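# before I ask anything, here's the sequence and the deposited coordinates:
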Amino acid sequence: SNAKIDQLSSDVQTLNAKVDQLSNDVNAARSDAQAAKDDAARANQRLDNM
Amino acid sequence: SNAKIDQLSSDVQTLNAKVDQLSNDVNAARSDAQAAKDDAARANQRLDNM
Amino acid sequence: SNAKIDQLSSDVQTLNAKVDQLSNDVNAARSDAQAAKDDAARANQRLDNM
């Protein structure tokens, strides 16, 4: 039962690293998408004034 | 070995909460990006008709 | 203590599947957002030349 638990300890450690980095990726994708949304809104507003 | 397992139980519980909320963040980033893509496509189509 | 550990094994397995698929979702949201950003930049550049 000792090895079983340390295989879990490792798995959880690996998952933790994967979830932390995915959080950074999600934050970045969120920021990118919001910036694209605002730029597309600007383009369309400039088009309305024409 | 009892404490080792309850440290794992906790870790897994925490990770679960982190992955659920990241799923909501990913869904939101996906939706945002698709909306930006469509708005940018609209801008460029309006430009083509000019 | 045997059942406790196999409940964990399962939980970790499930989480793994959730994190892998979220990685695919994040990669997709990242790509989508970058594409929207570039299209919005194109729209705004075409507007500048007008």
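Sure thing, it's come through. Residues are numbered from 1 along each chain as shown, chains lettered A, B, ... in the order given.
# any idea which element the residue nearest the centre of chain A lies in?
For chain A, the residue nearest the mean C-alpha position is residue A:26 (0.9 Å; CA atoms, centre = their mean). For residue A:26, the element it lies in under DSSP states H and E is helix A:2-48.
# quick one: that helix to helix C:2-48, angle?
Helix A:2-48 runs at 20 degrees relative to helix C:2-48, counting by axes from the mean of the first three to the mean of the last three CA atoms, to 10 degrees.
# helices or strands next to helix A:2-48 in the packing?
helix B:2-48, helix C:2-48 (3 or more CB pairs under 8 Å, 6 or more residues apart in numbering or on different chains; DSSP states H and E). For the C-beta atoms, the positions are set from N, CA and C on the backbone; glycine is no exception.
# residue contacts, the residue of chain A positioned farthest from its centre?
What lies farthest from the middle of chain A is residue A:50; by CA atoms, centre = their mean that is 37.0 Å. Applying CB atoms under 8 Å, 6 or more residues apart in numbering or on different chains, one finds that residue A:50 lies in contact with B:50, C:50.
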